[PDB]
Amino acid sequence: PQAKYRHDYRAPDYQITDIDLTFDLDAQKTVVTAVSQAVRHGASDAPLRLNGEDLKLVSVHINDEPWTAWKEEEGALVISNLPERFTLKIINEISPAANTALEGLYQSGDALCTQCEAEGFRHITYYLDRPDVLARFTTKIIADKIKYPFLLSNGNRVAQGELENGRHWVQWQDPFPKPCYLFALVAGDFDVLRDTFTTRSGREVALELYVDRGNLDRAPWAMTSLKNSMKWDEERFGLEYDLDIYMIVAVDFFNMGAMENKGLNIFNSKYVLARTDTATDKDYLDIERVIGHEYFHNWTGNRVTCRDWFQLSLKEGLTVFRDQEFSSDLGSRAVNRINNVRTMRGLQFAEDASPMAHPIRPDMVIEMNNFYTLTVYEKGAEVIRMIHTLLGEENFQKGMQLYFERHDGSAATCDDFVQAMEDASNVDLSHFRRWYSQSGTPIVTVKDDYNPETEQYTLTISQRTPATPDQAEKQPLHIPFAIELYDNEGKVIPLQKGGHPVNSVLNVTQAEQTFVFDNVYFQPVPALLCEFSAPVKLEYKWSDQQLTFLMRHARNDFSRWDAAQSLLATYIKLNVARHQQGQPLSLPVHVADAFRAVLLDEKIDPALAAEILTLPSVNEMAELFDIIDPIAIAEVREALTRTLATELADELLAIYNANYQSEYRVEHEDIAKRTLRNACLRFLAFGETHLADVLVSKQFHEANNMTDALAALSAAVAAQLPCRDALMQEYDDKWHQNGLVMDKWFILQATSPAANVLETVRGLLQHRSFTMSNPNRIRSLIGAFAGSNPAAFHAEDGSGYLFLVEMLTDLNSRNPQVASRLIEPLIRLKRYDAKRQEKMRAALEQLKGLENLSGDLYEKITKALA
């Protein structure tokens, strides 16, 4: 498989301006006719090269003339001797039912649907499958009426007919030119929830949400979230929907979460269907986030698209930032920021220190589906958020307006977006552009000094980014470094220098730089990198007391949580080194007191308390260490949880009882009380056994929603309580026929701390609700074991690696995209001790010798073995 390079981008030799598609649909053999109006921009002797994969060509005509000047090659139809303008007509066959990879046109249960991003359209017909080619589509679909009474494609329904033999057809027309990755087609039988939204200028938009028959009762929340998304985009960005219908289809067999096809989003039903007894608060909030994200793509993705795939972050960073601002405006900003930062420090940082590290705008790519990554998305969004921090809201919105003004209707690059922000705001972003082309996480070291004679505080800040596997050369970045200085009463000390106020967002642009502040009338406690104002690691020598003081006084809730994380980091590292020497947990009394203070503070927002009482996950704990000891980390997390359960037992039970709510509401204050209550329950599960067992079975049996029941069932598994098997068996008996609900149970099984967890997980491959043909089930059972049970996955006898090797041997042929999500834990081998490295290397050598090794796995395995 061959690498492609961003520096090789060239404008295409041919454009397509319009395409008329006819699908004669059938699950075994679908016939596709594609009539394209084309224009040659390059030399008369450059042929038209169309991408195509697994297509059976039936005919080629140019202006209606059967064409003899063509040939098929590896992945392409190359057509010569073309005039300057012509109609290309292609007829080809494909086979949806054989498509197990779920790319192109495939079968989802009884429905047919598509996935074309990034490069799936070439699995449907020969085309210029690249996002700088934009064309007006019209799509005519012909199918069996009893099996496919709904026939959907992008845009408006412009024609319909009946035929003999029980067939019918529908034609669709989408007036906006689109690159073909945004093409969609859905055929099948659905219940439809219909509603309307009226934009602020008075366009009425029909909203339609297609779900499997019998599922209409799980649809209103997605519909509500959609209207909330459309309203928010109007109020915050000034953006209205641009068409008359908005369709969403929920399908069960989907690889990528959800997809922004113009006017016809396709969603994994995991991000549509919610009922209070099947879905948790976190499901509700993810449904809202993903409905928003795909809706926000309508502008940042669809009206302005990507010139080439290396520009994926242009739409993803910007749309993730938009879905974050959305969730944050509607819910708790601090809680959102906190969870986004946990993802950054615990999952994205690890990727940026792995063999797959890449800049948010990659330079080289073998399989473009490997690059739907935490880096492109989440670090991409941190990059957009730093532009926001540097510009302020008003300038940022002006940049947005300029970007759409210059680029509405075409494919753009990241550099174009930066340039629009720079021109509209007058803030210079040429050094800042380096965040697009450099990978790895910067490390920012802060030293400080307080001068009592001059009342001056001096920060000496330095940065460097260690080399990564992909780039030997690294340079300083333009790092926005926000600070606050606190006096002894907890009040903010005004930042100033030489009689002039100073912006508290410092511009750290050099390897090393000093900043001096005047009129600092008391020795300050600093809050550093506030609101995680750049995605960097902070190295600063805090005292425990500086941290507990920030916990008590910092102005922003994010800083309070974050001071608590640095407080815990020190003791997490101490206790991991202790675990390696055979020693028990050691924690000073004053740290346990700081969390007691949080439990009993009556003014603190419960949402904030809940987050401070949620320990760093094993993945965030892993980023504290050069070499990861996954067993020590897991046992330490447990023991820390037992220690605080013991020390704070009375406080925990009291706060748990005070936050009891008899009504269930999907409302931010209620969610917050419920999160705090279940964070308490989790500790209680780890205290005295008998009481634990009682609290937990009791919550499980009395819960009136899946949030409270799952938190119980989950604490029973984690703490291996006596009632565990009985509760687990009840959930199976009640929920087995429901895949989305069972996913939560597979997750608990996969991440259990029980000694025989691998054995159970292997037995679950045979379970009535598991199947290898469904990505959601594969991820819930196998991916959760490999990626979320690191203690068991990295068992010393290497049984975890062998297991993943068997599964990936199946998946490499069945569904390479899912194979490639699942291999990720094995490609981190260099973070582990020599003996685990050697087995992981052996497992990767084994996969490397597979017969038809997919490009997706090939790219990752060779970077890992390098």
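We number the residues from 1 along the sequence you see.
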Practice prompt. Can you let me know which of the two, 479 to 487 or 161 to 169, has the higher average C-alpha B-factor in the entry?
Written response: 161 to 169
Response to the item:
Mean Cα B-factor check, 718 to 726 vs 247 to 255, entry values; winner is 718 to 726
Worksheet item: Whose C-alpha has the highest temperature factor in the PDB entry: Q545, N92, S313, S225?
Response: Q545
Fill in: Selection from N789, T114, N261, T375 [criterion: highest C-alpha temperature factor in the record]
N789
Worksheet item: Based on the entry's values, in what third of the chain does the Cα temperature factor of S752 lie: lowest, middle or highest?
Response: middle
Practice prompt. Would you check the entry's CA temperature factor for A834 and let me know if it's in the chain's lowest, middle or highest third?
Written response: highest
Response to the item:
Chain thirds by Cα B factor, record data; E119 belongs to the lowest
Practice prompt. Determine, from the deposited record, the chain-internal third of the Cα B-factor for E73: lowest, middle or highest.
Written response: highest
Practice prompt. Please rank the C-alpha B-factors of the chain's modelled residues and tell me whether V589 sits in the lowest, middle or highest third.
Written response: highest
